[PDB]
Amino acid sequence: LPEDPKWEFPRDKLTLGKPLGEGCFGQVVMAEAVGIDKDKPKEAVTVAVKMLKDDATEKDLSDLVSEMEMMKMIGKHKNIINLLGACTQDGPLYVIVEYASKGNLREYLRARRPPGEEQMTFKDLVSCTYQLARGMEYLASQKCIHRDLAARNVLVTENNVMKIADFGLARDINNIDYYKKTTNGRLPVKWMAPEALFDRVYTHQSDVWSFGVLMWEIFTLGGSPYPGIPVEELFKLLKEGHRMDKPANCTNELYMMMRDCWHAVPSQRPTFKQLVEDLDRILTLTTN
């Protein structure tokens, strides 16, 4: 890993603490980093550090590396988790990201369902969706395809800012081998644009498909997509026209928008730009 000047962070100035989570990918822990906020070199900030597990594979490592490289290339945006730095020298690779205090969106929404712990308002639901649309409109503008959009891969900060995260599978628009059999083999199927598999391509319109599943997750307050449908049956059902039902209490308009995101023809789905303008409208006209 060639030493990167801007980004390296002293390994003796970081103190690891409580675990946060532990997938097949690696593990993430809470940590104190003193001086990661240059210029406030006095002050020690809560951060999350993502690293490998004792049972890591060569592919685990190069994935963590990639996720780090991707984060460097996309700018600061309000609705994207920021990389704060990395320890890459003389010890385990540590990728230091900004800490969200309220966890992932799926657990956040589940925790504040109506009791039959701060219940979600309809405007709050539309607000998350809008925020995430602005995040993705930014990403798409940066030539980045995320490819792993899902409620579990969003973070919620202390002031309820929605932060797109988990760049483990994200790529530059130009860094996907169209048409090869193994391309897109590692995308979660229930969140995946059909053309990702049938055609072995991936574009911003593919991310729109995923965005649509994300919406559904949001309006079911963190439900599981296609319930009672196994992954091995799914695409046969999608080619036949099946699409998830309208969540309770989500509006006809919002449901038309989900459906639009699940159009079989990529170009017929909204753009992120269109989703932002539409959600901007629904949000404001709610408040009034």
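All residue numbers refer to positions in the sequence shown, first residue = 1.
Counting the unmodelled positions of the deposited sequence between residue 116 and residue 117 gives a long gap of 10 or more residues. The PDB entry reports B-factors from which the mean C-alpha value can be compared for 223-231 and 244-252; the larger average falls on 244-252. The stretch 78-86 shows the higher mean C-alpha B-factor when 206-214 is compared against 78-86 in the entry. Per the deposited coordinates, the residue with the largest Cα temperature factor out of 43, 67, 55, 260 is 43. For residue 16, the recorded CA B-factor ranks within the highest third of the chain. Only modelled residues enter the ranking. When the CA B factors of the chain's modelled residues are split into thirds, the value for residue 137 lands in the lowest one. The PDB entry assigns residue 61 a C-alpha temperature factor belonging to the lowest third of its chain's modelled residues. When the modelled residues of the chain are ordered by C-alpha B-factor, residue 275 sits in the lowest third.
Residue-level temperature factors show residue 170 in the lowest third of its chain, judged at the C-alpha atom.
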